[PDB]
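Chemist: Pasting input-v7.pdb here (PDB, C-alpha atoms and all ligand atoms):
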ATOM      1  CA  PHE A1172      50.159 -33.895  20.784  1.00  0.00           C
ATOM      2  CA  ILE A1173      53.750 -35.114  20.931  1.00  0.00           C
ATOM      3  CA  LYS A1174      55.402 -38.288  19.687  1.00  0.00           C
ATOM      4  CA  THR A1175      57.429 -40.261  22.214  1.00  0.00           C
ATOM      5  CA  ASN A1176      60.483 -42.508  21.987  1.00  0.00           C
ATOM      6  CA  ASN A1177      60.053 -44.258  25.386  1.00  0.00           C
ATOM      7  CA  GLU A1183      53.101 -43.151  20.078  1.00  0.00           C
ATOM      8  CA  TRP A1184      51.435 -39.839  20.871  1.00  0.00           C
ATOM      9  CA  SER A1185      51.137 -38.201  24.286  1.00  0.00           C
ATOM     10  CA  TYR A1186      50.388 -34.770  25.723  1.00  0.00           C
ATOM     11  CA  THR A1187      52.757 -31.924  26.465  1.00  0.00           C
ATOM     12  CA  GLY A1188      52.247 -28.445  27.829  1.00  0.00           C
ATOM     13  CA  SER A1189      52.589 -25.349  25.697  1.00  0.00           C
ATOM     14  CA  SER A1190      55.560 -23.909  27.597  1.00  0.00           C
ATOM     15  CA  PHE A1191      57.488 -26.927  28.936  1.00  0.00           C
ATOM     16  CA  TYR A1192      58.545 -30.311  27.579  1.00  0.00           C
ATOM     17  CA  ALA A1193      56.413 -32.490  29.855  1.00  0.00           C
ATOM     18  CA  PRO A1194      55.379 -35.710  28.092  1.00  0.00           C
ATOM     19  CA  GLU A1195      52.243 -37.107  29.682  1.00  0.00           C
ATOM     20  CA  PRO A1196      49.555 -39.631  28.651  1.00  0.00           C
ATOM     21  CA  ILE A1197      46.448 -38.136  27.093  1.00  0.00           C
ATOM     22  CA  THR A1198      43.295 -37.745  29.203  1.00  0.00           C
ATOM     23  CA  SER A1199      39.952 -36.036  28.683  1.00  0.00           C
ATOM     24  CA  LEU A1200      40.984 -33.029  30.781  1.00  0.00           C
ATOM     25  CA  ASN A1201      43.509 -31.580  28.309  1.00  0.00           C
ATOM     26  CA  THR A1202      41.757 -32.010  24.944  1.00  0.00           C
ATOM     27  CA  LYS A1203      38.497 -30.941  23.337  1.00  0.00           C
ATOM     28  CA  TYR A1204      36.292 -32.361  20.610  1.00  0.00           C
ATOM     29  CA  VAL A1205      36.673 -30.808  17.167  1.00  0.00           C
ATOM     30  CA  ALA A1206      35.492 -31.311  13.594  1.00  0.00           C
ATOM     31  CA  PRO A1207      37.784 -33.358  11.319  1.00  0.00           C
ATOM     32  CA  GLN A1208      40.321 -31.833   8.956  1.00  0.00           C
ATOM     33  CA  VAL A1209      42.289 -33.229   6.027  1.00  0.00           C
ATOM     34  CA  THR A1210      45.588 -32.668   7.873  1.00  0.00           C
ATOM     35  CA  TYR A1211      44.759 -34.772  10.929  1.00  0.00           C
ATOM     36  CA  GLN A1212      46.325 -38.126  11.750  1.00  0.00           C
ATOM     37  CA  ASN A1213      44.153 -41.219  11.282  1.00  0.00           C
ATOM     38  CA  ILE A1214      45.444 -43.482  14.051  1.00  0.00           C
ATOM     39  CA  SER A1215      43.791 -46.896  14.237  1.00  0.00           C
ATOM     40  CA  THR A1216      45.870 -49.228  16.420  1.00  0.00           C
ATOM     41  CA  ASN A1217      46.035 -47.516  19.841  1.00  0.00           C
ATOM     42  CA  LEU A1218      42.958 -45.380  20.379  1.00  0.00           C
ATOM     43  CA  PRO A1219      43.289 -42.600  22.963  1.00  0.00           C
ATOM     44  CA  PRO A1220      40.906 -42.802  25.947  1.00  0.00           C
TER      45      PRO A1220
ATOM     46  CA  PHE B1172      21.077 -20.465  16.080  1.00  0.00           C
ATOM     47  CA  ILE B1173      19.117 -19.655  12.955  1.00  0.00           C
ATOM     48  CA  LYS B1174      16.015 -20.413  10.924  1.00  0.00           C
ATOM     49  CA  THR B1175      15.983 -20.774   7.156  1.00  0.00           C
ATOM     50  CA  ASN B1176      13.546 -21.556   4.353  1.00  0.00           C
ATOM     51  CA  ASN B1177      14.741 -24.622   2.452  1.00  0.00           C
ATOM     52  CA  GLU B1183      13.722 -26.953  12.499  1.00  0.00           C
ATOM     53  CA  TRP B1184      16.740 -24.742  13.165  1.00  0.00           C
ATOM     54  CA  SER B1185      20.429 -24.705  12.246  1.00  0.00           C
ATOM     55  CA  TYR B1186      23.688 -22.929  13.097  1.00  0.00           C
ATOM     56  CA  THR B1187      25.679 -20.092  11.583  1.00  0.00           C
ATOM     57  CA  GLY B1188      29.004 -18.573  12.507  1.00  0.00           C
ATOM     58  CA  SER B1189      29.553 -15.165  14.036  1.00  0.00           C
ATOM     59  CA  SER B1190      31.034 -13.607  10.899  1.00  0.00           C
ATOM     60  CA  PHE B1191      29.500 -15.275   7.827  1.00  0.00           C
ATOM     61  CA  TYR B1192      26.073 -16.489   6.767  1.00  0.00           C
ATOM     62  CA  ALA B1193      27.051 -20.165   6.678  1.00  0.00           C
ATOM     63  CA  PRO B1194      24.078 -22.429   7.440  1.00  0.00           C
ATOM     64  CA  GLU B1195      24.991 -25.875   8.746  1.00  0.00           C
ATOM     65  CA  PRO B1196      23.222 -28.418  10.992  1.00  0.00           C
ATOM     66  CA  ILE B1197      23.540 -27.915  14.729  1.00  0.00           C
ATOM     67  CA  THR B1198      26.060 -30.069  16.613  1.00  0.00           C
ATOM     68  CA  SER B1199      27.321 -30.289  20.163  1.00  0.00           C
ATOM     69  CA  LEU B1200      30.729 -29.157  18.886  1.00  0.00           C
ATOM     70  CA  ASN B1201      29.466 -25.559  18.633  1.00  0.00           C
ATOM     71  CA  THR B1202      26.943 -25.300  21.489  1.00  0.00           C
ATOM     72  CA  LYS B1203      26.998 -25.482  25.272  1.00  0.00           C
ATOM     73  CA  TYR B1204      24.530 -26.418  27.983  1.00  0.00           C
ATOM     74  CA  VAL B1205      23.069 -23.430  29.844  1.00  0.00           C
ATOM     75  CA  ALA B1206      20.405 -23.362  32.563  1.00  0.00           C
ATOM     76  CA  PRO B1207      16.963 -22.412  31.186  1.00  0.00           C
ATOM     77  CA  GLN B1208      15.702 -18.838  30.972  1.00  0.00           C
ATOM     78  CA  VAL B1209      12.167 -17.563  30.377  1.00  0.00           C
ATOM     79  CA  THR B1210      13.154 -15.785  27.140  1.00  0.00           C
ATOM     80  CA  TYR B1211      13.970 -18.995  25.281  1.00  0.00           C
ATOM     81  CA  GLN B1212      12.030 -20.986  22.658  1.00  0.00           C
ATOM     82  CA  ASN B1213      10.414 -24.258  23.700  1.00  0.00           C
ATOM     83  CA  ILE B1214      10.462 -26.958  21.019  1.00  0.00           C
ATOM     84  CA  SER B1215       8.869 -30.408  21.147  1.00  0.00           C
ATOM     85  CA  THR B1216       8.662 -31.625  17.519  1.00  0.00           C
ATOM     86  CA  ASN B1217      12.124 -31.779  15.885  1.00  0.00           C
ATOM     87  CA  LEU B1218      14.636 -32.209  18.686  1.00  0.00           C
ATOM     88  CA  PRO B1219      18.224 -31.454  17.609  1.00  0.00           C
ATOM     89  CA  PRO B1220      20.865 -34.118  18.341  1.00  0.00           C
TER      90      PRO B1220
ATOM     91  CA  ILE C 976      22.070  -6.165  30.845  1.00  0.00           C
ATOM     92  CA  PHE C 977      21.089  -9.749  31.721  1.00  0.00           C
ATOM     93  CA  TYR C 978      23.899 -11.161  29.587  1.00  0.00           C
ATOM     94  CA  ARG C 979      26.415  -8.561  30.766  1.00  0.00           C
ATOM     95  CA  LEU C 980      25.698  -9.407  34.410  1.00  0.00           C
ATOM     96  CA  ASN C 981      26.034 -13.040  33.399  1.00  0.00           C
ATOM     97  CA  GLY C 982      29.455 -12.055  32.064  1.00  0.00           C
ATOM     98  CA  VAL C 983      30.621 -10.628  35.395  1.00  0.00           C
ATOM     99  CA  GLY C 984      29.876 -13.759  37.408  1.00  0.00           C
ATOM    100  CA  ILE C 985      26.355 -13.460  38.801  1.00  0.00           C
ATOM    101  CA  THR C 986      24.123 -16.522  38.647  1.00  0.00           C
ATOM    102  CA  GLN C 987      20.966 -16.665  36.552  1.00  0.00           C
ATOM    103  CA  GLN C 988      18.804 -17.533  39.566  1.00  0.00           C
ATOM    104  CA  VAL C 989      19.034 -14.104  41.195  1.00  0.00           C
ATOM    105  CA  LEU C 990      18.721 -12.374  37.805  1.00  0.00           C
ATOM    106  CA  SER C 991      15.597 -14.462  37.259  1.00  0.00           C
ATOM    107  CA  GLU C 992      14.365 -13.456  40.718  1.00  0.00           C
ATOM    108  CA  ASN C 993      15.572  -9.911  41.346  1.00  0.00           C
ATOM    109  CA  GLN C 994      14.748  -7.875  38.227  1.00  0.00           C
ATOM    110  CA  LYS C 995      12.756  -5.112  39.929  1.00  0.00           C
ATOM    111  CA  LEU C 996      15.340  -4.050  42.513  1.00  0.00           C
ATOM    112  CA  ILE C 997      18.243  -4.000  40.055  1.00  0.00           C
ATOM    113  CA  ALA C 998      16.066  -2.038  37.616  1.00  0.00           C
ATOM    114  CA  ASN C 999      15.274   0.486  40.352  1.00  0.00           C
ATOM    115  CA  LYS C1000      18.958   0.626  41.311  1.00  0.00           C
ATOM    116  CA  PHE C1001      20.057   1.333  37.734  1.00  0.00           C
ATOM    117  CA  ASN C1002      17.272   3.886  37.286  1.00  0.00           C
ATOM    118  CA  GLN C1003      18.098   5.788  40.470  1.00  0.00           C
ATOM    119  CA  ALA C1004      21.804   5.585  39.616  1.00  0.00           C
ATOM    120  CA  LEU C1005      21.188   7.317  36.298  1.00  0.00           C
ATOM    121  CA  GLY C1006      18.778   9.725  37.984  1.00  0.00           C
ATOM    122  CA  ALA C1007      21.149  10.786  40.755  1.00  0.00           C
ATOM    123  CA  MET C1008      23.740  12.297  38.414  1.00  0.00           C
ATOM    124  CA  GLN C1009      21.513  15.158  37.202  1.00  0.00           C
ATOM    125  CA  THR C1010      21.553  16.862  40.605  1.00  0.00           C
ATOM    126  CA  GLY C1011      25.285  16.153  40.901  1.00  0.00           C
ATOM    127  CA  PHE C1012      26.035  18.670  38.138  1.00  0.00           C
ATOM    128  CA  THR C1013      28.305  20.881  40.231  1.00  0.00           C
ATOM    129  CA  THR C1014      31.950  21.307  41.265  1.00  0.00           C
ATOM    130  CA  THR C1015      32.009  17.739  42.642  1.00  0.00           C
ATOM    131  CA  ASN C1016      31.903  16.319  39.105  1.00  0.00           C
ATOM    132  CA  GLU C1017      35.588  16.307  38.174  1.00  0.00           C
ATOM    133  CA  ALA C1018      34.560  15.962  34.525  1.00  0.00           C
ATOM    134  CA  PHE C1019      32.879  19.372  34.668  1.00  0.00           C
ATOM    135  CA  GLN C1020      36.003  20.779  36.300  1.00  0.00           C
ATOM    136  CA  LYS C1021      38.124  19.448  33.426  1.00  0.00           C
ATOM    137  CA  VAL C1022      35.667  20.746  30.813  1.00  0.00           C
ATOM    138  CA  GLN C1023      35.587  24.113  32.568  1.00  0.00           C
ATOM    139  CA  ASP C1024      39.311  24.754  32.697  1.00  0.00           C
TER     140      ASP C1024
HETATM  141  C1  LIG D1301      42.256 -39.233   7.277  1.00  0.00           C
HETATM  142  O1  LIG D1301      41.011 -39.606   6.696  1.00  0.00           O
HETATM  143  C2  LIG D1301      40.229 -38.491   6.242  1.00  0.00           C
HETATM  144  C3  LIG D1301      38.919 -39.062   5.747  1.00  0.00           C
HETATM  145  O2  LIG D1301      39.032 -39.531   4.411  1.00  0.00           O
HETATM  146  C4  LIG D1301      40.990 -37.704   5.173  1.00  0.00           C
HETATM  147  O3  LIG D1301      40.264 -36.516   4.878  1.00  0.00           O
HETATM  148  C5  LIG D1301      39.896 -36.412   3.486  1.00  0.00           C
HETATM  149  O4  LIG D1301      41.020 -36.172   2.620  1.00  0.00           O
HETATM  150  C6  LIG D1301      40.680 -36.040   1.230  1.00  0.00           C
HETATM  151  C7  LIG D1301      41.979 -35.865   0.477  1.00  0.00           C
HETATM  152  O5  LIG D1301      42.055 -34.587  -0.138  1.00  0.00           O
HETATM  153  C8  LIG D1301      39.716 -34.871   1.038  1.00  0.00           C
HETATM  154  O6  LIG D1301      39.331 -34.798  -0.329  1.00  0.00           O
HETATM  155  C9  LIG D1301      38.488 -35.055   1.920  1.00  0.00           C
HETATM  156  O7  LIG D1301      37.643 -33.915   1.823  1.00  0.00           O
HETATM  157  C10 LIG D1301      38.902 -35.256   3.373  1.00  0.00           C
HETATM  158  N1  LIG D1301      37.738 -35.484   4.211  1.00  0.00           N
HETATM  159  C11 LIG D1301      37.336 -34.619   5.148  1.00  0.00           C
HETATM  160  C12 LIG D1301      36.114 -35.012   5.923  1.00  0.00           C
HETATM  161  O8  LIG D1301      37.932 -33.568   5.360  1.00  0.00           O
HETATM  162  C13 LIG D1301      42.379 -37.320   5.673  1.00  0.00           C
HETATM  163  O9  LIG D1301      43.139 -36.749   4.616  1.00  0.00           O
HETATM  164  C14 LIG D1301      43.117 -38.534   6.231  1.00  0.00           C
HETATM  165  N2  LIG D1301      44.400 -38.140   6.788  1.00  0.00           N
HETATM  166  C15 LIG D1301      45.563 -38.374   6.172  1.00  0.00           C
HETATM  167  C16 LIG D1301      46.792 -37.898   6.885  1.00  0.00           C
HETATM  168  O10 LIG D1301      45.621 -38.947   5.090  1.00  0.00           O
HETATM  169  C1  LIG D1302       8.945 -22.466  27.919  1.00  0.00           C
HETATM  170  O1  LIG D1302       8.522 -23.228  29.056  1.00  0.00           O
HETATM  171  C2  LIG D1302       8.978 -22.696  30.313  1.00  0.00           C
HETATM  172  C3  LIG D1302       8.477 -23.633  31.387  1.00  0.00           C
HETATM  173  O2  LIG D1302       7.106 -23.393  31.672  1.00  0.00           O
HETATM  174  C4  LIG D1302       8.495 -21.256  30.503  1.00  0.00           C
HETATM  175  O3  LIG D1302       9.106 -20.719  31.672  1.00  0.00           O
HETATM  176  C5  LIG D1302       8.139 -20.117  32.557  1.00  0.00           C
HETATM  177  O4  LIG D1302       7.270 -19.207  31.864  1.00  0.00           O
HETATM  178  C6  LIG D1302       6.287 -18.574  32.696  1.00  0.00           C
HETATM  179  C7  LIG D1302       5.423 -17.736  31.785  1.00  0.00           C
HETATM  180  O5  LIG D1302       5.612 -18.094  30.423  1.00  0.00           O
HETATM  181  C8  LIG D1302       6.982 -17.756  33.781  1.00  0.00           C
HETATM  182  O6  LIG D1302       6.003 -17.182  34.639  1.00  0.00           O
HETATM  183  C9  LIG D1302       7.921 -18.648  34.582  1.00  0.00           C
HETATM  184  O7  LIG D1302       8.647 -17.865  35.523  1.00  0.00           O
HETATM  185  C10 LIG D1302       8.899 -19.369  33.658  1.00  0.00           C
HETATM  186  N1  LIG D1302       9.745 -20.274  34.418  1.00  0.00           N
HETATM  187  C11 LIG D1302      11.012 -20.541  34.089  1.00  0.00           C
HETATM  188  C12 LIG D1302      11.737 -21.497  34.986  1.00  0.00           C
HETATM  189  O8  LIG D1302      11.547 -20.038  33.106  1.00  0.00           O
HETATM  190  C13 LIG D1302       8.861 -20.399  29.296  1.00  0.00           C
HETATM  191  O9  LIG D1302       8.268 -19.111  29.412  1.00  0.00           O
HETATM  192  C14 LIG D1302       8.380 -21.061  28.013  1.00  0.00           C
HETATM  193  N2  LIG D1302       8.738 -20.260  26.854  1.00  0.00           N
HETATM  194  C15 LIG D1302       7.895 -20.051  25.838  1.00  0.00           C
HETATM  195  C16 LIG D1302       8.408 -19.194  24.723  1.00  0.00           C
HETATM  196  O10 LIG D1302       6.767 -20.535  25.820  1.00  0.00           O
END
What is this file in structure tokens?

Modeler:
Amino acid sequence: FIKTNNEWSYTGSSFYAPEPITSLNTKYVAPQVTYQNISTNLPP
Amino acid sequence: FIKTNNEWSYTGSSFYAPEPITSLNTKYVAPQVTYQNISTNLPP
Amino acid sequence: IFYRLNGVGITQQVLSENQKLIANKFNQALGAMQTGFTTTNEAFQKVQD
């Protein structure tokens, strides 16, 4: 999960490829104290 | 999946850590004859 | 064996349907090696020398 400078987006683990987040590159996970509580632009 | 004496629950593969069963730690698999049929306390 | 053959990429339908033949195949596979105890077994050749 990568910040942009034209907000988070997706990038690959071996190349700087900013890309909007979808369901096909992330997985559900239990919350942690270190995670970012974003509440103005919810990801799809 | 596990039973305990305080309906099933979940534990990890390396520690006896009882916790309620979620979808975050299970997957859907086609039925097999060896399984346990339950019709009283359906997990979420 | 059911879960290991699940792990190799064989569907659960045929494992649900074809237990007897795979059991016979495994049994005859482990039974064929007793009569193969001869020079053809390279393991015996290595043990021998
Ligand atoms: C986002 O909100 C969650 C929910 O409150 C925060 O997680 C809690 O943080 C406190 C601070 O130590 C812990 O005592 C709680 O145990 C945490 N809750 C859980 C469920 O883990 C989280 O810290 C917040 N994120 C940020 C960056 O502040
Ligand atoms: C749970 O219910 C299923 C559905 O009836 C049972 O699956 C069948 O069980 C019979 C005998 O118990 C077998 O002859 C069938 O081949 C099974 N069919 C399938 C699709 O699995 C299952 O056995 C039941 N389990 C328990 C513990 O009662």

Chemist: The PyMOL selection byres ((chain C) within 10 of (chain B)) - which residues does that actually catch in the file I just gave you? List them as JSON, numbers by chain.

Modeler: {"C": [986, 987, 988, 990, 991]}

Chemist: Write down, as a list in words, each residue of chain B that has any atom within 12 Å of an atom of chain A, counting only C-alpha atoms.

Modeler: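 Written out as asked, the residues are residues 1198, 1199, 1200, 1201 and 1202 of chain B.
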
Chemist: Take atom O5 of ligand LIG 1302 (chain D) and CA of residue 1216 (chain B) and report the distance between them in Å, one decimal.

Modeler: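 It comes out at 18.9 Å.
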
Chemist: Please put the answer as JSON: centre and edge lengths, in Å with one decimal, of a box along x, y and z that encloses all listed atoms of region 1013-1021 of chain C plus 5 Å on each side.

Modeler:
{"center_x": 33.2, "center_y": 18.6, "center_z": 38.0, "size_x": 19.8, "size_y": 15.3, "size_z": 19.2}

Chemist: For this structure, which residues satisfy the selection - the PyMOL selection byres (((chain B and resi 1196) around 12) and not hetatm) - when it is evaluated on the file as given? I want them as a list in words.

Modeler: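 Going through the file, the PyMOL selection byres (((chain B and resi 1196) around 12) and not hetatm) ends up selecting residues 1172, 1173, 1174, 1175, 1183, 1184, 1185, 1186, 1187, 1188, 1193, 1194, 1195, 1197, 1198, 1199, 1200, 1201, 1202, 1219 and 1220 of chain B.
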
Chemist: Work out how far apart CA of residue 989 (chain C) and CA of residue 1214 (chain B) are and give it in Å to one decimal.

Modeler: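 Computed distance, CA of residue 989 (chain C) to CA of residue 1214 (chain B), equals 25.4 Å.
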
Chemist: Since the input is missing atoms, can you rebuild N, CA, C and O atoms for region 1197-1215 of chain A and write them as a compact mmCIF listing (two decimals), in the frame of the given file?

Modeler:
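To be explicit, this is the file written out as part_3.txt:
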# COMPACT_ATOMS: atom_id res chain seq x y z
N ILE A 1197 47.60 -38.98 27.40
CA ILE A 1197 46.45 -38.14 27.09
C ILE A 1197 45.24 -38.55 27.92
O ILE A 1197 44.98 -39.75 28.13
N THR A 1198 44.54 -37.56 28.47
CA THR A 1198 43.30 -37.74 29.20
C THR A 1198 42.21 -36.92 28.54
O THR A 1198 42.41 -36.32 27.48
N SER A 1199 41.03 -36.88 29.17
CA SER A 1199 39.95 -36.04 28.68
C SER A 1199 40.09 -34.59 29.14
O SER A 1199 39.42 -33.71 28.59
N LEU A 1200 40.93 -34.33 30.14
CA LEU A 1200 40.98 -33.03 30.78
C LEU A 1200 41.93 -32.06 30.09
O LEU A 1200 42.07 -30.92 30.56
N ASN A 1201 42.59 -32.46 29.01
CA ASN A 1201 43.51 -31.58 28.31
C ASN A 1201 43.22 -31.51 26.81
O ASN A 1201 44.03 -30.94 26.07
N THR A 1202 42.11 -32.06 26.35
CA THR A 1202 41.76 -32.01 24.94
C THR A 1202 40.27 -31.73 24.81
O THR A 1202 39.49 -31.92 25.75
N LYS A 1203 39.88 -31.27 23.62
CA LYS A 1203 38.50 -30.94 23.34
C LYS A 1203 38.10 -31.51 21.99
O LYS A 1203 38.93 -31.67 21.09
N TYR A 1204 36.81 -31.82 21.86
CA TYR A 1204 36.29 -32.36 20.61
C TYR A 1204 36.30 -31.29 19.52
O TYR A 1204 36.15 -30.10 19.80
N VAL A 1205 36.49 -31.73 18.28
CA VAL A 1205 36.67 -30.81 17.17
C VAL A 1205 36.28 -31.53 15.88
O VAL A 1205 36.35 -32.76 15.80
N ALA A 1206 35.83 -30.76 14.89
CA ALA A 1206 35.49 -31.31 13.59
C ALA A 1206 36.75 -31.81 12.88
O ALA A 1206 37.84 -31.29 13.09
N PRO A 1207 36.61 -32.83 12.03
CA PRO A 1207 37.78 -33.36 11.32
C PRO A 1207 38.34 -32.39 10.29
O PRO A 1207 37.64 -31.53 9.75
N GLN A 1208 39.63 -32.55 10.01
CA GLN A 1208 40.32 -31.83 8.96
C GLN A 1208 41.15 -32.82 8.14
O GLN A 1208 41.45 -33.92 8.59
N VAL A 1209 41.50 -32.39 6.92
CA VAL A 1209 42.29 -33.23 6.03
C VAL A 1209 43.70 -33.47 6.56
O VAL A 1209 44.32 -34.49 6.24
N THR A 1210 44.21 -32.57 7.40
CA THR A 1210 45.59 -32.67 7.87
C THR A 1210 45.75 -33.53 9.12
O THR A 1210 46.87 -33.71 9.58
N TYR A 1211 44.66 -34.06 9.66
CA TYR A 1211 44.76 -34.77 10.93
C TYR A 1211 45.23 -36.21 10.71
O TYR A 1211 45.20 -36.75 9.60
N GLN A 1212 45.67 -36.83 11.80
CA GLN A 1212 46.32 -38.13 11.75
C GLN A 1212 45.32 -39.22 12.09
O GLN A 1212 44.73 -39.22 13.17
N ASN A 1213 45.13 -40.15 11.15
CA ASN A 1213 44.15 -41.22 11.28
C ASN A 1213 44.83 -42.41 11.94
O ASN A 1213 45.35 -43.31 11.28
N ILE A 1214 44.82 -42.42 13.27
CA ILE A 1214 45.44 -43.48 14.05
C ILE A 1214 44.40 -44.56 14.33
O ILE A 1214 43.25 -44.25 14.68
N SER A 1215 44.77 -45.82 14.11
CA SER A 1215 43.79 -46.90 14.24
C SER A 1215 44.38 -48.16 14.86
O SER A 1215 43.95 -49.27 14.52
